[PDB]
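Notes follow the structure.
Derivation of every value follows stated rules applied to the coordinates shown; laboratory data play no part. Positions of Cβ are generated from backbone atoms using ideal geometry, with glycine treated the same way; all protein chains shown enter the neighbour counts.
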Amino acid sequence: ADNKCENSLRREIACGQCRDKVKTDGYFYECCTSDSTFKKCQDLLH
């Protein structure tokens, strides 16, 4: 994949709390897979 939760947990944490506070542990895959989204999640987690 094009960079996923295999890099720095810095992005994994975001997606986590993100799709974990708005969606579920079944959506965290969206960011973990897509980066464009992670940028939208981290923006909220801050």
Go through (1) basic (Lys, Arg); (2) out of contact with any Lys or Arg (no Cβ under 9 Å at 6 or more places or on another chain); (3) surrounded by 10 or more Cβ atoms within 10 Å (Cβ to Cβ) for residue 10 and report which single condition fails.
(3)
If you check every pair at least six apart or on different chains, which have Cβ atoms under 8 Å apart with a residue in region 1-30 that is under 12 Å from residue 42 (Cα atoms) first and a residue that is aliphatic (A, V, I, L, M) second?
13/45; 14/45; 17/45; 18/44; 18/45
In region 5-46, how many residues are touching a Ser or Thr at 6+ places or on another chain (Cβ under 7 Å) and among the small types (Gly, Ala, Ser)?
0
